[PDB]
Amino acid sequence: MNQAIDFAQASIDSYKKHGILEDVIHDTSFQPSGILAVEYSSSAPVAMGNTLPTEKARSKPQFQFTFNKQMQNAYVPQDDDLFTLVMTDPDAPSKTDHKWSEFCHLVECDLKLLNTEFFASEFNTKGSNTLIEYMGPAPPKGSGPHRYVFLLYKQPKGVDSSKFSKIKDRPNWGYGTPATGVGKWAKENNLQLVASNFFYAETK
């Protein structure tokens, strides 16, 4: 129960132990500004590393962002703010074979929040733009478990998704080279990482 006090430290510890900071985010100094609650159904929540049966992650999940001015360059919530929600697998086709490392599962942009500082809010899906429609986990039988990582980014003020670099296709996020994805794409588009959650799925 000692470890359930600081949700920030708890998040960092998880990202570290599961190589999310090095394999995906590529930043070991990353500090979450809030926490991203993601759920497929009341029985299928993505809770920082739990395992979910593939069939449950079949449709697009719901999201919620909880900001806590304390878990903290720094992200200061505002009204103009537009966000980008990403879902990627850095273990494609497996945790070892990275011929397709970083398989693009989802990319939603121009998302706005319905909304001492603290607040939990869901997103307003209305005026958003999906660059890459959602596709649930589909790991190759026998490849072992895969990491399915959700990442929330804050877009630069005033710039909509029509200005972000294109995404050829899913494998390698269309970059050709192995082990490349959200990290590469997020940087060339000046996106600011704000939160992340993840789960495991496997096909036996």
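Heads up: residue numbers just count along the shown sequence, starting at 1.
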Look at the stretch from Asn115 to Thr116 and count the residues of the deposited sequence that the entry does not model, then pick none, 1 to 3, 4 to 9, or 10 or more. 4 to 9
Absent coordinates between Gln72 and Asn73 - deposited residues affected, binned into four classes: 4 to 9
Tell me which stretch has the larger mean Cα B-factor in this entry, 80-88 or 95-103. 95-103
Once you work out the mean C-alpha B-factor for both 56-64 and 153-161 from the entry, which is higher? 56-64
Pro45, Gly176, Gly49, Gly34, ranked by C-alpha B-factor: the highest one: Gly176
Would you check the entry's CA temperature factor for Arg147 and let me know if it's in the chain's lowest, middle or highest third? lowest
Ranked against its chain, the third holding the CA B-factor of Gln9: lowest
Chain-relative C-alpha B factor for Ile167 (record values, thirds): the highest
Among modelled residues of the same chain, the CA temperature factor third for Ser196: lowest
